[PDB]
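K.L.:
Contents of structure09.txt (compact mmCIF, N, CA, C and O atoms) are given next:
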```txt
# COMPACT_ATOMS: atom_id res chain seq x y z
N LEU A 1 -10.91 57.30 -22.58
CA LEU A 1 -10.45 56.07 -23.16
C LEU A 1 -9.20 55.63 -22.47
O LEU A 1 -9.00 54.44 -22.30
N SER A 2 -8.35 56.55 -22.05
CA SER A 2 -7.16 56.15 -21.36
C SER A 2 -7.58 55.48 -20.07
O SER A 2 -7.07 54.41 -19.76
N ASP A 3 -8.57 56.04 -19.36
CA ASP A 3 -9.03 55.41 -18.13
C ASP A 3 -9.78 54.12 -18.37
O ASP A 3 -9.63 53.17 -17.61
N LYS A 4 -10.57 54.06 -19.45
CA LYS A 4 -11.33 52.87 -19.76
C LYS A 4 -10.38 51.79 -20.20
O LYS A 4 -10.61 50.63 -19.90
N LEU A 5 -9.33 52.18 -20.91
CA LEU A 5 -8.29 51.28 -21.36
C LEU A 5 -7.54 50.81 -20.16
O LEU A 5 -7.32 49.63 -20.00
N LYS A 6 -7.15 51.71 -19.27
CA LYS A 6 -6.45 51.23 -18.11
C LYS A 6 -7.31 50.21 -17.41
O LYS A 6 -6.80 49.18 -17.00
N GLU A 7 -8.63 50.45 -17.30
CA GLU A 7 -9.45 49.45 -16.67
C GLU A 7 -9.59 48.21 -17.53
O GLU A 7 -9.54 47.12 -17.01
N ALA A 8 -9.74 48.32 -18.84
CA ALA A 8 -9.90 47.11 -19.63
C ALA A 8 -8.63 46.31 -19.63
O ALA A 8 -8.69 45.09 -19.55
N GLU A 9 -7.50 47.00 -19.71
CA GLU A 9 -6.20 46.35 -19.72
C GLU A 9 -5.88 45.78 -18.34
O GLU A 9 -5.33 44.69 -18.22
N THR A 10 -6.23 46.52 -17.29
CA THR A 10 -5.98 46.06 -15.95
C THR A 10 -6.87 44.89 -15.66
O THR A 10 -6.43 43.91 -15.06
N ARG A 11 -8.14 45.00 -16.06
CA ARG A 11 -9.09 43.94 -15.85
C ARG A 11 -8.68 42.78 -16.72
O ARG A 11 -8.81 41.65 -16.29
N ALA A 12 -8.18 43.03 -17.92
CA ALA A 12 -7.75 41.95 -18.78
C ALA A 12 -6.55 41.26 -18.25
O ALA A 12 -6.51 40.04 -18.30
N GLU A 13 -5.58 42.00 -17.73
CA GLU A 13 -4.39 41.37 -17.25
C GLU A 13 -4.71 40.68 -15.95
O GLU A 13 -4.22 39.59 -15.68
N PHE A 14 -5.53 41.31 -15.12
CA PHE A 14 -5.91 40.68 -13.89
C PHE A 14 -6.67 39.43 -14.17
O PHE A 14 -6.35 38.37 -13.65
N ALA A 15 -7.68 39.55 -15.03
CA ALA A 15 -8.49 38.43 -15.37
C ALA A 15 -7.61 37.41 -16.02
O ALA A 15 -7.83 36.24 -15.79
N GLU A 16 -6.58 37.82 -16.76
CA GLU A 16 -5.63 36.89 -17.34
C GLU A 16 -4.90 36.20 -16.21
O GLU A 16 -4.49 35.05 -16.36
N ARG A 17 -4.66 36.87 -15.08
CA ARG A 17 -4.09 36.15 -13.97
C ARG A 17 -5.13 35.19 -13.46
O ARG A 17 -4.81 34.05 -13.18
N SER A 18 -6.41 35.57 -13.45
CA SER A 18 -7.41 34.60 -13.05
C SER A 18 -7.42 33.45 -14.06
O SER A 18 -7.64 32.31 -13.67
N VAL A 19 -7.12 33.74 -15.33
CA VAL A 19 -7.04 32.70 -16.34
C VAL A 19 -5.89 31.79 -15.99
O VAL A 19 -6.09 30.59 -15.95
N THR A 20 -4.71 32.34 -15.68
CA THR A 20 -3.58 31.48 -15.39
C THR A 20 -3.71 30.79 -14.05
O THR A 20 -3.20 29.68 -13.88
N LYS A 21 -4.41 31.39 -13.10
CA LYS A 21 -4.63 30.78 -11.79
C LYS A 21 -5.63 29.66 -11.89
O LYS A 21 -5.44 28.61 -11.26
N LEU A 22 -6.71 29.86 -12.65
CA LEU A 22 -7.68 28.81 -12.83
C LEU A 22 -7.03 27.74 -13.65
O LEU A 22 -7.12 26.58 -13.29
N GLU A 23 -6.29 28.12 -14.69
CA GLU A 23 -5.60 27.18 -15.56
C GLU A 23 -4.58 26.37 -14.81
O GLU A 23 -4.51 25.15 -14.99
N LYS A 24 -3.81 27.03 -13.96
CA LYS A 24 -2.81 26.36 -13.17
C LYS A 24 -3.47 25.43 -12.21
O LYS A 24 -3.03 24.30 -12.05
N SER A 25 -4.56 25.88 -11.60
CA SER A 25 -5.26 25.07 -10.65
C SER A 25 -5.84 23.87 -11.37
O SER A 25 -5.77 22.77 -10.87
N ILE A 26 -6.33 24.06 -12.59
CA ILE A 26 -6.85 22.97 -13.40
C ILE A 26 -5.75 21.98 -13.68
O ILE A 26 -5.97 20.78 -13.51
N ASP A 27 -4.56 22.45 -14.05
CA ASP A 27 -3.47 21.52 -14.28
C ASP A 27 -3.07 20.81 -13.00
O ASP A 27 -2.80 19.62 -13.03
N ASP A 28 -3.10 21.51 -11.87
CA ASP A 28 -2.73 20.88 -10.61
C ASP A 28 -3.78 19.89 -10.18
O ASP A 28 -3.44 18.83 -9.66
N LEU A 29 -5.04 20.21 -10.42
CA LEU A 29 -6.13 19.33 -10.08
C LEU A 29 -6.05 18.14 -10.99
O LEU A 29 -6.33 17.03 -10.54
N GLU A 30 -5.64 18.34 -12.24
CA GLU A 30 -5.47 17.25 -13.18
C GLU A 30 -4.28 16.41 -12.76
O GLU A 30 -4.32 15.20 -12.88
N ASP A 31 -3.21 17.01 -12.25
CA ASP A 31 -2.11 16.18 -11.80
C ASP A 31 -2.56 15.38 -10.60
O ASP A 31 -2.17 14.22 -10.46
N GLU A 32 -3.39 15.98 -9.75
CA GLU A 32 -3.96 15.29 -8.60
C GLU A 32 -4.95 14.24 -9.04
O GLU A 32 -5.07 13.20 -8.40
N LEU A 33 -5.70 14.53 -10.09
CA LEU A 33 -6.69 13.63 -10.61
C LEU A 33 -5.97 12.47 -11.17
O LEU A 33 -6.38 11.34 -10.96
N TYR A 34 -4.94 12.74 -11.93
CA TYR A 34 -4.12 11.72 -12.47
C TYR A 34 -3.53 10.90 -11.39
O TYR A 34 -3.61 9.69 -11.42
N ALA A 35 -2.92 11.54 -10.40
CA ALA A 35 -2.35 10.78 -9.33
C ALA A 35 -3.42 9.96 -8.65
O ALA A 35 -3.18 8.81 -8.30
N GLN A 36 -4.62 10.51 -8.51
CA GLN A 36 -5.72 9.80 -7.92
C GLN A 36 -6.17 8.64 -8.77
O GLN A 36 -6.55 7.59 -8.25
N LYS A 37 -6.16 8.84 -10.07
CA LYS A 37 -6.52 7.86 -11.05
C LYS A 37 -5.49 6.78 -11.05
O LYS A 37 -5.83 5.60 -11.16
N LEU A 38 -4.25 7.17 -10.92
CA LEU A 38 -3.13 6.29 -10.88
C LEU A 38 -3.18 5.45 -9.64
O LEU A 38 -2.85 4.27 -9.68
N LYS A 39 -3.52 6.06 -8.51
CA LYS A 39 -3.60 5.28 -7.30
C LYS A 39 -4.80 4.41 -7.38
O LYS A 39 -4.74 3.25 -7.03
N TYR A 40 -5.90 4.91 -7.91
CA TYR A 40 -7.06 4.09 -8.03
C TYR A 40 -6.78 2.88 -8.83
O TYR A 40 -7.08 1.76 -8.42
N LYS A 41 -6.19 3.13 -9.98
CA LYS A 41 -5.80 2.14 -10.92
C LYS A 41 -4.86 1.19 -10.28
O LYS A 41 -5.08 -0.01 -10.33
N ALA A 42 -3.83 1.70 -9.63
CA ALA A 42 -2.85 0.85 -9.02
C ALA A 42 -3.45 -0.03 -7.96
O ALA A 42 -3.09 -1.19 -7.87
N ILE A 43 -4.40 0.49 -7.21
CA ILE A 43 -5.00 -0.27 -6.14
C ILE A 43 -5.96 -1.28 -6.70
O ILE A 43 -5.95 -2.43 -6.29
N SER A 44 -6.81 -0.87 -7.63
CA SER A 44 -7.76 -1.82 -8.13
C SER A 44 -7.00 -2.90 -8.82
O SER A 44 -7.24 -4.07 -8.56
N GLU A 45 -5.98 -2.53 -9.60
CA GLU A 45 -5.19 -3.49 -10.30
C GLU A 45 -4.34 -4.32 -9.37
O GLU A 45 -4.19 -5.51 -9.60
N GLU A 46 -3.78 -3.75 -8.32
CA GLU A 46 -2.98 -4.53 -7.40
C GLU A 46 -3.86 -5.58 -6.76
O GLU A 46 -3.43 -6.72 -6.56
N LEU A 47 -5.08 -5.19 -6.37
CA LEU A 47 -6.05 -6.11 -5.81
C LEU A 47 -6.57 -7.09 -6.80
O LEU A 47 -6.74 -8.24 -6.45
N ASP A 48 -6.81 -6.67 -8.04
CA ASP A 48 -7.36 -7.56 -9.04
C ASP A 48 -6.28 -8.52 -9.43
O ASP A 48 -6.54 -9.68 -9.68
N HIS A 49 -5.05 -8.04 -9.48
CA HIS A 49 -3.91 -8.86 -9.78
C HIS A 49 -3.71 -9.87 -8.72
O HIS A 49 -3.60 -11.07 -8.99
N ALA A 50 -3.63 -9.38 -7.49
CA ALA A 50 -3.42 -10.25 -6.40
C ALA A 50 -4.57 -11.18 -6.26
O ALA A 50 -4.36 -12.33 -5.92
N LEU A 51 -5.78 -10.71 -6.53
CA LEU A 51 -6.94 -11.55 -6.46
C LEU A 51 -6.91 -12.55 -7.54
O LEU A 51 -7.26 -13.68 -7.31
N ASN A 52 -6.50 -12.20 -8.73
CA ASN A 52 -6.48 -13.23 -9.74
C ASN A 52 -5.49 -14.30 -9.31
O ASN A 52 -5.80 -15.49 -9.31
N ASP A 53 -4.35 -13.87 -8.75
CA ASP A 53 -3.32 -14.79 -8.29
C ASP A 53 -3.85 -15.60 -7.12
O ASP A 53 -3.61 -16.81 -7.00
N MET A 54 -4.65 -14.94 -6.29
CA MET A 54 -5.23 -15.48 -5.10
C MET A 54 -6.71 -15.76 -5.21
O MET A 54 -7.40 -15.80 -4.20
N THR A 55 -7.24 -15.88 -6.43
CA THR A 55 -8.64 -16.27 -6.56
C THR A 55 -8.49 -17.57 -5.88
O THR A 55 -9.15 -17.85 -4.89
N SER A 56 -7.66 -18.41 -6.46
CA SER A 56 -7.43 -19.70 -5.92
C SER A 56 -6.62 -19.60 -4.65
O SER A 56 -5.42 -19.31 -4.66
N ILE A 57 -7.32 -19.88 -3.59
CA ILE A 57 -6.92 -19.84 -2.21
C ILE A 57 -6.79 -18.41 -1.75
O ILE A 57 -5.68 -17.92 -1.53
N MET B 1 -12.66 -13.70 -0.33
CA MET B 1 -12.78 -14.03 -1.73
C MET B 1 -13.23 -15.45 -1.82
O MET B 1 -12.71 -16.30 -1.11
N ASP B 2 -14.14 -15.75 -2.73
CA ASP B 2 -14.58 -17.13 -2.82
C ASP B 2 -13.50 -18.03 -3.34
O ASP B 2 -13.36 -19.16 -2.90
N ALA B 3 -12.72 -17.54 -4.29
CA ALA B 3 -11.68 -18.38 -4.85
C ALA B 3 -10.64 -18.71 -3.80
O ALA B 3 -10.24 -19.85 -3.68
N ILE B 4 -10.29 -17.73 -2.98
CA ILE B 4 -9.28 -17.99 -1.98
C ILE B 4 -9.87 -18.84 -0.90
O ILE B 4 -9.32 -19.87 -0.56
N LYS B 5 -11.02 -18.47 -0.39
CA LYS B 5 -11.58 -19.26 0.67
C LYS B 5 -11.75 -20.71 0.27
O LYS B 5 -11.39 -21.62 1.02
N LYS B 6 -12.28 -20.93 -0.93
CA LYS B 6 -12.51 -22.27 -1.37
C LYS B 6 -11.26 -23.02 -1.70
O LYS B 6 -11.15 -24.19 -1.34
N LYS B 7 -10.31 -22.38 -2.36
CA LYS B 7 -9.16 -23.12 -2.78
C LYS B 7 -8.19 -23.29 -1.61
O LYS B 7 -7.50 -24.30 -1.53
N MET B 8 -8.24 -22.39 -0.63
CA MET B 8 -7.48 -22.62 0.57
C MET B 8 -8.07 -23.84 1.22
O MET B 8 -7.33 -24.75 1.58
N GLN B 9 -9.41 -23.94 1.25
CA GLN B 9 -10.00 -25.13 1.80
C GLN B 9 -9.63 -26.32 0.96
O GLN B 9 -9.40 -27.38 1.50
N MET B 10 -9.51 -26.17 -0.36
CA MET B 10 -9.11 -27.32 -1.15
C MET B 10 -7.71 -27.78 -0.80
O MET B 10 -7.44 -28.97 -0.85
N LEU B 11 -6.83 -26.87 -0.41
CA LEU B 11 -5.48 -27.28 -0.08
C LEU B 11 -5.51 -27.89 1.31
O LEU B 11 -4.78 -28.85 1.59
N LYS B 12 -6.39 -27.36 2.17
CA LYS B 12 -6.58 -27.93 3.48
C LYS B 12 -7.14 -29.32 3.29
O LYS B 12 -6.76 -30.22 4.01
N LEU B 13 -8.03 -29.49 2.30
CA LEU B 13 -8.60 -30.78 1.97
C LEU B 13 -7.59 -31.69 1.39
O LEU B 13 -7.56 -32.85 1.72
N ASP B 14 -6.66 -31.19 0.58
CA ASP B 14 -5.67 -32.14 0.15
C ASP B 14 -5.00 -32.67 1.41
O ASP B 14 -4.78 -33.86 1.52
N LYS B 15 -4.74 -31.80 2.40
CA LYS B 15 -4.17 -32.30 3.63
C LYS B 15 -5.10 -33.22 4.39
O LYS B 15 -4.67 -34.27 4.84
N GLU B 16 -6.37 -32.84 4.55
CA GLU B 16 -7.30 -33.63 5.35
C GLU B 16 -7.56 -34.97 4.70
O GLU B 16 -7.61 -35.99 5.38
N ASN B 17 -7.68 -34.97 3.38
CA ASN B 17 -7.98 -36.16 2.64
C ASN B 17 -6.75 -37.02 2.55
O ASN B 17 -6.84 -38.23 2.71
N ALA B 18 -5.60 -36.40 2.31
CA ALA B 18 -4.37 -37.15 2.23
C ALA B 18 -4.07 -37.72 3.57
O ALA B 18 -3.58 -38.83 3.67
N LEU B 19 -4.38 -36.98 4.61
CA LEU B 19 -4.12 -37.47 5.91
C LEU B 19 -5.05 -38.61 6.20
O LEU B 19 -4.60 -39.66 6.65
N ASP B 20 -6.34 -38.50 5.85
CA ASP B 20 -7.21 -39.63 6.10
C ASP B 20 -6.74 -40.84 5.31
O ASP B 20 -6.82 -41.97 5.80
N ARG B 21 -6.24 -40.63 4.08
CA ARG B 21 -5.73 -41.74 3.31
C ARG B 21 -4.51 -42.30 3.97
O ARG B 21 -4.36 -43.51 4.04
N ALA B 22 -3.63 -41.44 4.48
CA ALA B 22 -2.43 -41.91 5.13
C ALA B 22 -2.74 -42.71 6.34
O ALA B 22 -2.18 -43.78 6.54
N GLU B 23 -3.70 -42.25 7.12
CA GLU B 23 -4.03 -42.93 8.33
C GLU B 23 -4.70 -44.24 8.06
O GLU B 23 -4.36 -45.24 8.68
N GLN B 24 -5.63 -44.28 7.11
CA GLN B 24 -6.26 -45.56 6.86
C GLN B 24 -5.31 -46.50 6.19
O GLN B 24 -5.26 -47.68 6.52
N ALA B 25 -4.53 -46.00 5.24
CA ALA B 25 -3.66 -46.87 4.54
C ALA B 25 -2.63 -47.43 5.46
O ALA B 25 -2.46 -48.63 5.47
N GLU B 26 -2.07 -46.59 6.34
CA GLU B 26 -1.05 -46.98 7.29
C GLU B 26 -1.62 -47.93 8.31
O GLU B 26 -0.96 -48.85 8.77
N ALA B 27 -2.88 -47.71 8.70
CA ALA B 27 -3.53 -48.60 9.65
C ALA B 27 -3.55 -50.02 9.10
O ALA B 27 -3.38 -50.98 9.85
N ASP B 28 -3.74 -50.15 7.79
CA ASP B 28 -3.76 -51.44 7.14
C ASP B 28 -2.37 -51.89 6.66
O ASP B 28 -2.11 -53.09 6.57
N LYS B 29 -1.53 -50.92 6.33
CA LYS B 29 -0.20 -51.07 5.75
C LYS B 29 0.89 -50.46 6.63
O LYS B 29 1.40 -49.38 6.32
```
For the structure just supplied, provide its representation as structure tokens.
P.N.:
Amino acid sequence: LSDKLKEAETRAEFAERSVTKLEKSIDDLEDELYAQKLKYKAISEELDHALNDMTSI
Amino acid sequence: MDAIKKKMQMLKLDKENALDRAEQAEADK
């Protein structure tokens, strides 16, 4: 049990690092997604804005 | 953009039309 525990605890803590690494990567991907969404938004809106202003001519 | 292309032409037309009016009117006046 000490060995199985060391493995369960080691695997748990390691896997917990995989949890925090995947989680961190998810947050970073979300910050990137957000930034991407923000740029998308900003561009579509900048164009739609400018286009509305410039529909005419 | 259709709005820009057309309305730019409309402003060009205000010039072209105003100019034709200016020229004809001035030719007589």
K.L.:
Can you tell me how far CA of residue 49 in chain A sits from CA of residue 15 in chain B, in Å to one decimal?
P.N.:
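Between these atoms lies a distance of 27.0 Å.
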K.L.:
Work out how far CA of residue 11 in chain B is from atom O of residue 55 in chain A, in Å to one decimal.
P.N.:
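Distance reported for this atom pair: 11.2 Å.
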K.L.:
CA of residue 56 in chain A to CA of residue 5 in chain B: how many Å, to one decimal?
P.N.:
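Straight-line distance from CA of residue 56 in chain A to CA of residue 5 in chain B works out to 7.8 Å.
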K.L.:
With a cut-off of 7 Å and counting only N, CA, C and O atoms, select all residues of chain B in contact with chain A and give the selection as a ChimeraX atom specification.
P.N.:
/B:1-9
